[PDB]
Amino acid sequence: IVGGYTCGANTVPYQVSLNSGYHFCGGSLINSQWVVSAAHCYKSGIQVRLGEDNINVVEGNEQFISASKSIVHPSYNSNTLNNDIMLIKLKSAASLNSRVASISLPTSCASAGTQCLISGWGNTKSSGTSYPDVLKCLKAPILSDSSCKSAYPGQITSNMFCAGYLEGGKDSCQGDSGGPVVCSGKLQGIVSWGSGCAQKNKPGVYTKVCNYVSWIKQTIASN
Ligand SMILES: CC(=N)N1CC[C@H](Oc2ccc([C@H](Cc3ccc4ccc(C(=N)N)cc4c3)C(=O)O)cc2)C1
Ligand SMILES: [Ca+2]
């Protein structure tokens, strides 16, 4: 997260860290046995880390649970990043408490103007590389479809939305991938892609979760 602030230990209880020997992507806990992340975060041998703040120090509220199954969206296109969403089932259910909690799926799509909370352990520099050990947060508004499409000609689908600031300076970045975009208590986006990080006229692009609610519900009910 570039231009954000330190969230504070367990203030974003649904935030997960996907670990394969090291943190490589974020994710959101949607219930006690399921995690939602970006399809581009797909890997085998994933361990889901819940209740995390500092990812390099055992602080006491963590739950490390291995994934039993991963399901990439049937129409995911790795070249365009269309349908960049994936579900991960935990081998055992997480113990939900005040520090580890699920986030609600949306009942309707969010519109431009809505302020959301984006979080992750990704790169904090627009030019250069610096990865934080503790969770970073950023409040950012959802941008109009017109602005989004003007920024990325022919690359924005109905399954994507832009959020951030056209003036640059604040944005999610590499390492934040798969992480949550929560607006008014509902999971509306998943950190997907962008041209650089926090660059002028190059806002972050996120997966539009509201278009996948039925797929998510059906998949969980049958797996
Ligand atoms: C070629 C083209 N026009 N495309 C449009 C869709 C797709 O975009 C991508 C895919 C992977 C990357 C990563 C880099 C990359 C990876 C994750 C990111 C997460 C967030 C942000 C952000 N600024 N909010 C930027 C990221 C940039 C790479 O270079 O490998 C960057 C952009 C391909
Ligand atoms: Ca820790």
# chains A, B, ... in the order shown; residues from 1 in each chain; ligands from 1
>>> residues_near_ligand(ligand="ligand 2", cutoff="9 Å", atoms="only C-alpha atoms and all ligand atoms", output="PyMOL selection string")
chain A and resi 49+51-62+133-134
>>> residues_near_ligand(ligand="ligand 1", cutoff="7 Å", atoms="only C-alpha atoms and all ligand atoms", output="PyMOL selection string")
chain A and resi 79-81+155+171-177+191-198+203-205
>>> write_last_selection(atoms="C-alpha atoms", output="short mmCIF file (atom, residue, chain, number, x, y, z; two decimals), in the first residue's frame")
data_model
loop_
_atom_site.label_atom_id
_atom_site.label_comp_id
_atom_site.auth_asym_id
_atom_site.auth_seq_id
_atom_site.Cartn_x
_atom_site.Cartn_y
_atom_site.Cartn_z
CA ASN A 79 -3.81 -12.24 -20.08
CA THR A 80 -6.51 -9.64 -19.46
CA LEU A 81 -7.13 -10.47 -15.79
CA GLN A 155 -8.64 -2.96 -20.82
CA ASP A 171 -2.74 3.28 -4.26
CA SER A 172 -2.42 -0.45 -3.57
CA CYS A 173 0.64 -2.15 -5.11
CA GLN A 174 2.43 -5.47 -5.78
CA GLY A 175 2.09 -7.72 -2.75
CA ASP A 176 -1.37 -6.34 -1.93
CA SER A 177 -2.75 -8.59 -4.69
CA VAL A 191 -6.77 -6.02 -5.49
CA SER A 192 -6.08 -7.07 -9.09
CA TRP A 193 -3.78 -4.83 -11.14
CA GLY A 194 -2.57 -1.40 -12.21
CA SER A 195 0.09 0.36 -14.31
CA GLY A 196 2.85 1.02 -11.78
CA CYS A 197 1.76 2.08 -8.28
CA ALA A 198 0.33 5.44 -7.21
CA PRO A 203 -5.50 4.21 -10.57
CA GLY A 204 -5.70 0.70 -9.15
CA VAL A 205 -8.01 -1.76 -10.88
#
>>> residues_around(residues="segment 148-150 of chain A", least_positions_apart="3", cutoff="9 Å", atoms="only C-alpha atoms", output="mmCIF file with N, CA and C atoms, in the first residue's frame")
data_model
loop_
_atom_site.group_PDB
_atom_site.id
_atom_site.type_symbol
_atom_site.label_atom_id
_atom_site.label_comp_id
_atom_site.auth_asym_id
_atom_site.auth_seq_id
_atom_site.Cartn_x
_atom_site.Cartn_y
_atom_site.Cartn_z
ATOM 1 N N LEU A 143 -13.924 5.126 -8.425
ATOM 2 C CA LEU A 143 -13.959 6.078 -9.524
ATOM 3 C C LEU A 143 -15.034 5.727 -10.545
ATOM 4 N N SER A 144 -15.452 6.726 -11.317
ATOM 5 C CA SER A 144 -16.469 6.524 -12.333
ATOM 6 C C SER A 144 -15.924 5.607 -13.423
ATOM 7 N N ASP A 145 -16.818 4.852 -14.045
ATOM 8 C CA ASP A 145 -16.450 3.944 -15.108
ATOM 9 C C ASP A 145 -15.769 4.681 -16.253
ATOM 10 N N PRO A 153 -7.606 2.397 -21.717
ATOM 11 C CA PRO A 153 -8.370 2.160 -22.946
ATOM 12 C C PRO A 153 -8.447 0.693 -23.371
ATOM 13 N N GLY A 154 -9.673 0.190 -23.506
ATOM 14 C CA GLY A 154 -9.892 -1.182 -23.942
ATOM 15 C C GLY A 154 -9.459 -2.302 -23.015
ATOM 16 N N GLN A 155 -9.096 -1.964 -21.781
ATOM 17 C CA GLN A 155 -8.638 -2.955 -20.821
ATOM 18 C C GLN A 155 -9.567 -3.187 -19.638
ATOM 19 N N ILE A 156 -10.597 -2.358 -19.515
ATOM 20 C CA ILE A 156 -11.553 -2.466 -18.411
ATOM 21 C C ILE A 156 -12.830 -3.201 -18.840
ATOM 22 N N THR A 157 -13.173 -4.270 -18.126
ATOM 23 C CA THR A 157 -14.377 -5.036 -18.440
ATOM 24 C C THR A 157 -15.439 -4.725 -17.393
ATOM 25 N N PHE A 161 -13.369 -2.432 -11.729
ATOM 26 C CA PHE A 161 -13.644 -1.040 -11.386
ATOM 27 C C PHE A 161 -12.361 -0.398 -10.880
ATOM 28 N N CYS A 162 -12.250 0.910 -11.056
ATOM 29 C CA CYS A 162 -11.086 1.628 -10.579
ATOM 30 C C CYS A 162 -11.430 2.289 -9.258
ATOM 31 N N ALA A 163 -10.420 2.465 -8.424
ATOM 32 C CA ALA A 163 -10.584 3.118 -7.144
ATOM 33 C C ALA A 163 -9.242 3.768 -6.875
ATOM 34 N N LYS A 202 -3.160 6.753 -13.253
ATOM 35 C CA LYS A 202 -3.060 5.297 -13.335
ATOM 36 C C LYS A 202 -3.560 4.675 -12.039
ATOM 37 N N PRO A 203 -4.879 4.755 -11.784
ATOM 38 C CA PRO A 203 -5.497 4.205 -10.574
ATOM 39 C C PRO A 203 -5.454 2.685 -10.500
ATOM 40 N N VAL A 205 -6.868 -1.086 -10.283
ATOM 41 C CA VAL A 205 -8.011 -1.761 -10.880
ATOM 42 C C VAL A 205 -8.333 -2.955 -9.989
#
>>> closest_residue(among="A:68, A:104, A:32, A:211", to="residue 47 of chain A", atoms="only C-alpha atoms")
A:68
>>> select_by_dssp(residues="segment 132-179 of chain A", states="strand (DSSP E or B)", output="list in words")
residues 136, 137, 138, 139, 140, 141, 142, 160, 161, 162, 163 and 171 of chain A
>>> write_last_selection(atoms="C-alpha atoms", output="PDB file, in the first residue's frame")
ATOM      1  CA  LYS A 136      -1.080  -0.999   5.970  1.00  0.00           C
ATOM      2  CA  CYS A 137      -4.444   0.648   5.256  1.00  0.00           C
ATOM      3  CA  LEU A 138      -5.764   3.128   2.698  1.00  0.00           C
ATOM      4  CA  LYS A 139      -9.132   4.818   2.272  1.00  0.00           C
ATOM      5  CA  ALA A 140      -9.954   5.374  -1.385  1.00  0.00           C
ATOM      6  CA  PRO A 141     -13.056   6.296  -3.410  1.00  0.00           C
ATOM      7  CA  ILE A 142     -14.505   4.214  -6.247  1.00  0.00           C
ATOM      8  CA  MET A 160     -13.545  -4.462 -13.020  1.00  0.00           C
ATOM      9  CA  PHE A 161     -13.644  -1.040 -11.386  1.00  0.00           C
ATOM     10  CA  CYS A 162     -11.086   1.628 -10.579  1.00  0.00           C
ATOM     11  CA  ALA A 163     -10.584   3.118  -7.144  1.00  0.00           C
ATOM     12  CA  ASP A 171      -2.739   3.280  -4.257  1.00  0.00           C
TER      13      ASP A 171
END
>>> closest_residue(among="A:167, A:106, A:201, A:84", to="residue 188 of chain A", atoms="only C-alpha atoms")
A:106
>>> atom_distance(atom1="atom CA of residue 44 of chain A", atom2="atom CA of residue 94 of chain A")
20.2 Å
>>> closest_atom_pairs(of="segment 67-138 of chain A", to="segment 1-20 of chain A", cutoff="6 Å", atoms="only C-alpha atoms", output="tab-separated table")
residue	atom	partner	partner_atom	distance
A:99	CA	A:13	CA	5.2
A:100	CA	A:13	CA	4.7
A:101	CA	A:14	CA	5.1
A:102	CA	A:14	CA	5.1
A:103	CA	A:14	CA	5.8
A:122	CA	A:1	CA	5.5
A:123	CA	A:1	CA	5.8
A:124	CA	A:2	CA	4.3
A:125	CA	A:2	CA	5.7
A:135	CA	A:7	CA	5.9
A:136	CA	A:6	CA	4.5
A:137	CA	A:7	CA	5.2
A:138	CA	A:4	CA	4.6
>>> atom_distance(atom1="atom CA of residue 206 of chain A", atom2="atom CA of residue 71 of chain A")
19.0 Å
>>> closest_residue(among="A:218, A:107, A:82, A:66", to="residue 33 of chain A", atoms="only C-alpha atoms")
A:66
>>> select_by_dssp(residues="segment 12-207 of chain A", states="helix (DSSP H, G or I)", output="JSON, numbers by chain")
{"A": [39, 40, 41, 145, 146, 147, 148, 149, 150, 151]}
>>> residues_around(residues="residue 38 of chain A", least_positions_apart="3", cutoff="9 Å", atoms="only C-alpha atoms", output="PDB file with N, CA, C and O atoms, in the first residue's frame")
ATOM      1  N   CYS A  25       0.477 -12.958  -1.202  1.00  0.00           N
ATOM      2  CA  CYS A  25      -0.800 -12.360  -1.580  1.00  0.00           C
ATOM      3  C   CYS A  25      -1.691 -12.218  -0.368  1.00  0.00           C
ATOM      4  O   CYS A  25      -1.440 -12.828   0.671  1.00  0.00           O
ATOM      5  N   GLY A  26      -2.708 -11.379  -0.498  1.00  0.00           N
ATOM      6  CA  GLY A  26      -3.660 -11.177   0.574  1.00  0.00           C
ATOM      7  C   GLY A  26      -4.934 -11.921   0.208  1.00  0.00           C
ATOM      8  O   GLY A  26      -5.012 -12.554  -0.848  1.00  0.00           O
ATOM      9  N   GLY A  27      -5.936 -11.844   1.072  1.00  0.00           N
ATOM     10  CA  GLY A  27      -7.199 -12.512   0.815  1.00  0.00           C
ATOM     11  C   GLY A  27      -8.174 -12.069   1.876  1.00  0.00           C
ATOM     12  O   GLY A  27      -7.768 -11.380   2.819  1.00  0.00           O
ATOM     13  N   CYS A  41      -3.214 -15.035  -7.901  1.00  0.00           N
ATOM     14  CA  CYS A  41      -2.505 -15.438  -6.691  1.00  0.00           C
ATOM     15  C   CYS A  41      -2.454 -16.963  -6.574  1.00  0.00           C
ATOM     16  O   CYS A  41      -1.861 -17.499  -5.635  1.00  0.00           O
ATOM     17  N   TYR A  42      -3.084 -17.665  -7.516  1.00  0.00           N
ATOM     18  CA  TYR A  42      -3.112 -19.123  -7.481  1.00  0.00           C
ATOM     19  C   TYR A  42      -1.724 -19.762  -7.406  1.00  0.00           C
ATOM     20  O   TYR A  42      -0.814 -19.417  -8.170  1.00  0.00           O
ATOM     21  N   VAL A  72     -10.156 -21.688  -9.033  1.00  0.00           N
ATOM     22  CA  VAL A  72     -10.001 -20.470  -9.826  1.00  0.00           C
ATOM     23  C   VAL A  72     -11.300 -20.326 -10.631  1.00  0.00           C
ATOM     24  O   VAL A  72     -11.905 -21.335 -11.030  1.00  0.00           O
ATOM     25  N   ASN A  83     -12.157 -11.671 -14.670  1.00  0.00           N
ATOM     26  CA  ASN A  83     -12.615 -12.702 -13.736  1.00  0.00           C
ATOM     27  C   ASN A  83     -11.463 -13.107 -12.819  1.00  0.00           C
ATOM     28  O   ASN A  83     -11.242 -14.285 -12.570  1.00  0.00           O
ATOM     29  N   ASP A  84     -10.742 -12.114 -12.307  1.00  0.00           N
ATOM     30  CA  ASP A  84      -9.605 -12.364 -11.429  1.00  0.00           C
ATOM     31  C   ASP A  84     -10.109 -12.631 -10.014  1.00  0.00           C
ATOM     32  O   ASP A  84     -10.031 -11.771  -9.139  1.00  0.00           O
ATOM     33  N   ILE A  85     -10.615 -13.835  -9.795  1.00  0.00           N
ATOM     34  CA  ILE A  85     -11.135 -14.205  -8.492  1.00  0.00           C
ATOM     35  C   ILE A  85     -10.929 -15.708  -8.283  1.00  0.00           C
ATOM     36  O   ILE A  85     -10.949 -16.490  -9.237  1.00  0.00           O
ATOM     37  N   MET A  86     -10.681 -16.092  -7.038  1.00  0.00           N
ATOM     38  CA  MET A  86     -10.433 -17.479  -6.681  1.00  0.00           C
ATOM     39  C   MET A  86     -10.903 -17.739  -5.251  1.00  0.00           C
ATOM     40  O   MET A  86     -10.844 -16.853  -4.396  1.00  0.00           O
ATOM     41  N   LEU A  87     -11.414 -18.940  -5.019  1.00  0.00           N
ATOM     42  CA  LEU A  87     -11.875 -19.353  -3.696  1.00  0.00           C
ATOM     43  C   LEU A  87     -10.901 -20.401  -3.174  1.00  0.00           C
ATOM     44  O   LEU A  87     -10.366 -21.208  -3.941  1.00  0.00           O
ATOM     45  N   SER A 177      -1.925  -7.738  -3.836  1.00  0.00           N
ATOM     46  CA  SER A 177      -2.746  -8.595  -4.693  1.00  0.00           C
ATOM     47  C   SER A 177      -3.631  -9.563  -3.921  1.00  0.00           C
ATOM     48  O   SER A 177      -3.188 -10.174  -2.946  1.00  0.00           O
ATOM     49  N   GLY A 178      -4.875  -9.691  -4.374  1.00  0.00           N
ATOM     50  CA  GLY A 178      -5.828 -10.598  -3.755  1.00  0.00           C
ATOM     51  C   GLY A 178      -6.530 -10.042  -2.536  1.00  0.00           C
ATOM     52  O   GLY A 178      -7.539 -10.595  -2.108  1.00  0.00           O
ATOM     53  N   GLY A 179      -6.001  -8.940  -2.002  1.00  0.00           N
ATOM     54  CA  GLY A 179      -6.549  -8.297  -0.819  1.00  0.00           C
ATOM     55  C   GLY A 179      -7.919  -7.660  -0.969  1.00  0.00           C
ATOM     56  O   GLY A 179      -8.380  -7.414  -2.085  1.00  0.00           O
ATOM     57  N   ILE A 190     -11.338  -6.739  -5.036  1.00  0.00           N
ATOM     58  CA  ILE A 190     -10.176  -7.575  -4.777  1.00  0.00           C
ATOM     59  C   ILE A 190      -9.042  -6.901  -5.533  1.00  0.00           C
ATOM     60  O   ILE A 190      -9.203  -6.564  -6.709  1.00  0.00           O
ATOM     61  N   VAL A 191      -7.923  -6.654  -4.859  1.00  0.00           N
ATOM     62  CA  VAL A 191      -6.766  -6.015  -5.495  1.00  0.00           C
ATOM     63  C   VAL A 191      -6.323  -6.884  -6.683  1.00  0.00           C
ATOM     64  O   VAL A 191      -5.895  -8.037  -6.508  1.00  0.00           O
ATOM     65  N   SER A 192      -6.434  -6.332  -7.886  1.00  0.00           N
ATOM     66  CA  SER A 192      -6.084  -7.072  -9.088  1.00  0.00           C
ATOM     67  C   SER A 192      -4.843  -6.567  -9.823  1.00  0.00           C
ATOM     68  O   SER A 192      -3.828  -7.270  -9.881  1.00  0.00           O
ATOM     69  N   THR A 207     -11.212  -6.288  -8.947  1.00  0.00           N
ATOM     70  CA  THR A 207     -12.234  -7.239  -9.376  1.00  0.00           C
ATOM     71  C   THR A 207     -13.559  -6.801  -8.720  1.00  0.00           C
ATOM     72  O   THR A 207     -13.587  -6.485  -7.528  1.00  0.00           O
TER      73      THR A 207
END
